[PDB]
Structures are given as C-alpha cells and as structure tokens.
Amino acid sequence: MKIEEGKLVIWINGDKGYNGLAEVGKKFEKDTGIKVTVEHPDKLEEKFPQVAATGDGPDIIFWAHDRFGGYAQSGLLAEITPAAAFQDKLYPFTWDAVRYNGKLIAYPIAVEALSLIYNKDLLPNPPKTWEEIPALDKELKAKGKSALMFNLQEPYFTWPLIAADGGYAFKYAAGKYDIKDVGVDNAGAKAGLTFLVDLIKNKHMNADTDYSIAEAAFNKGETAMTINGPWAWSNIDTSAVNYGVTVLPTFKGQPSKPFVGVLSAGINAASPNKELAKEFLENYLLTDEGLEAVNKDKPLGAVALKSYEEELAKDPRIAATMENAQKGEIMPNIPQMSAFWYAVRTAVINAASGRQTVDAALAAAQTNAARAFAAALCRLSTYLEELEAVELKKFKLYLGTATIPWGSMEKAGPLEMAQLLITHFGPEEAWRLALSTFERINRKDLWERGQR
C-alpha cells in the first residue's frame, strides 16, 4: 500500500504483533472512517531510509529506538509534541529513549530485553552460569537433545555474553557517548566471544544456527534452552513446551548484559498524514485497549503506558525481563549505532565460522565501528580550513556564547579545532555549532555548503 493523504500505512517488524496492531487499525477505521494498513516488510529498518521521502515508504515506522537517532539526523522523522496529560501517561525513562538532541522523535511503546528461556520438562533447574553449559550439553546430547540454541546470525543475541566481562559499544562519559572510545576489542569482549567460539568448536552449538532454526528446536522440545525476547512467548505458548523465563547466565561471575531496546513509533517527516498519525498513536494505540490488542498477539514486553504496565508487571516473565534489563544497558540512539551493529555482526559471524580468529575479528570490528569518528573529524576540519585567519579567530570567540577554554583554542589550527569540538560536544552537536557559527562570521557560503 502506497502512502496517500487520508489513510495510514504502518511498518512493523515481522516478529511483532502485527495482526494485533491491525485490530487497532480496524477499530480506528470504525471510529473515524479512516483506513489503516499494517505491513511488515523484510529489512524494513534498512528500507526506510531508502524510501522514506516517497509514497512507497510508511506514514509510521516501528523499530527499537536505537535506529531512530540516525533517522532523525537525516531529517526523516517528524518532531513529536505530546501534550502534558499524554506525556505523563508514559514512563519517563521510555521518553528518554526517544529523545534526540533535545527533541522527542518518536512515541515509546515497550521495553524489550532478552531473557533465558528454558524447557522445565527437560531442565527443571536452569544453569546460573555460562560455564556450566558444556557439561549440560554433553548429557543432553546422549539423549539426542542439546542444551542451548539461539540466533547466532544477529549480534543482538550474542551481545549479552560479549558485554558481561567488559565489552561495550561506545563509552558513556561527560553526559554523552564518546564515539572514538569503542569497547568491542577489549579483554572482556574477547573473553565473551572466545567462550562462544569455544562452545562451537566443542560442538555444543552450530555456527549456522539462526532465528528460525533455534525457534523450531526449542518449540519442538529438541533443545533445553534458548535466548529470546517477549515477542517469542506467543509461539512457545502455542507449543507443548512447559517453559520458564529467567535471568541470563553469568559469565566469569558477572551478569550477562543485554542491550535494552524500546520499541518505538516514529512519524515520517514526509507524510501528509502527520496529524492523523498522532491521533492514531496517542488515542488508539497507546491506550489500555490498544496495547492489549497488540500484546495478545505477540507480547510487547514491559509497556511504556503506566496504566497497562501495572497489570503486566505481575507476570513473572515480565519480572524476569526487567531483571535482565536492569543488568544490561539501554541502547544509545546515536547515528553511529547502525555501523556499530554491522561491524559486530561481521565479527561474530566470522569468528563463529572460523574464518577469522576472535582477536582478528574484533580488531577489525573495532576499526570499523570507530571510523565514524575519523569521518566526522576530517569533514569538520576541512570546513574549518576554509576560514581566513581572522574568521577562525572570530569562530573561536563565538564558541563561548554558543555554549572549551579560550586558552585551549587560541593556538589551535582548523584540525585541532575540529578535534576540540567533537571531543567536547560529540559529532552532531559539533557540526550544528560549526555551521551556526559560520553564518555568524559572514561565511554563509560554508553554512549553505554544509546544508547540502
């Protein structure tokens, strides 16, 4: 369905409750006369920035919040302006997840974290540690079963283990993420991925295992454990499996640290239906009845709507989800997240398959994930090199009142100035400040060029 004024087209991932969302859409149409079409395209999170400005994109896009900063930086998302009463209906930390450079860029829907899911009839007492899993697998293999199967093709699922002993994405410090400081090839990351690779070398897991292979094995009663999120509980409910949901195993005595996602709904900046989309999202979806319809299809996790979460929170599966969430980290929403995930996806797949050592794979991922800093630095310095000597002086002065000590800047050339801007404010803010200051020193040419 193409976008047209007077209707809504919604994209949501295929593992979520899209049939439930379509029920909310049908209720909306009943009550307003306005048609809603829910779709679940493959790779929608890659497709959206390719087609967002066209009629072949959606009016509303659902994804975890980590992708949204990149979308907003590219001008793809409308600013969200909820009134006071509506904002108070949702938990503050969920609004935080969708805040980007001081603006709300989506509606938060639900908090997602991975848990350990286990078959109580194969495994009444699940392991508290990763280290126990080889022994468990050995005994289960004797019965033609296995201990653990989960998706090894997406780094989301392996990240909790990589992070446990000290791996991280971007270091948080000074009120921001430092995109130069990447933690994917430190000792902790290496330790975690080496444990994963050792499980595969010792035939306790298969490098080819993906989402569908793991889901089928668990729901058929072939493997004792899997790792997945709340959306997966619906198919297990349907299965004959008596299952539990519990804290992830520790590694080297430390909790597994899943990256926590907030399912979020953004409004296409190019949509002729922005007000229509706001009405649907605020007054039909983010209601008790709306979220229940989606949740009944596939569980959302811990929803952002206080009134409905007070019910869901009593569910032990939700308590476990929140326990794992608290041990993990909220994902950044910065634009560099896409490149981080691609880099780590390649590292895990290459290490797991044996095509690269863990050391080589993570070293390459480190370099790939950090290239965004180098690119930002070189671009900013190249613009600053255009300034005349007197214009650079004025540039440094105005950086005080825009909001770095003058003594730190006085001697600095264009490259050092780019370094200072990015290290102090981060890449996006450094760029915004630079271009803004350009039009303050009569270099609107640079401002114009920088816009393009």
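Start at 1 and count along the sequence shown; that's the residue number.
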I want to verify a possible break: how many residues of the deposited sequence sit between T54 and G55 without any coordinates (none, 1 to 3, 4 to 9, 10 or more)? none
Mean C-alpha temperature factor, higher of 115 to 123 and 309 to 317: 309 to 317
Comparing mean C-alpha B factor in the record for 196 to 204 and 291 to 299, the higher one is 196 to 204
Can you pull the Cα B-factors for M337, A325, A370, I213 from the entry and say which is highest? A370
Highest Cα B-factor in the PDB entry belongs to which of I60, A389, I34, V38? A389
Which third of the chain holds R345 when residues are ordered by C-alpha B factor: lowest, middle or highest? middle
Ranked C-alpha temperature factor of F157 among modelled chain residues, by third: lowest
Can you tell me which third, lowest, middle or highest, the CA B-factor of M331 falls into for its chain? lowest
Based on the entry's values, in what third of the chain does the Cα temperature factor of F48 lie: lowest, middle or highest? middle
Which third of the chain holds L420 when residues are ordered by C-alpha B factor: lowest, middle or highest? middle
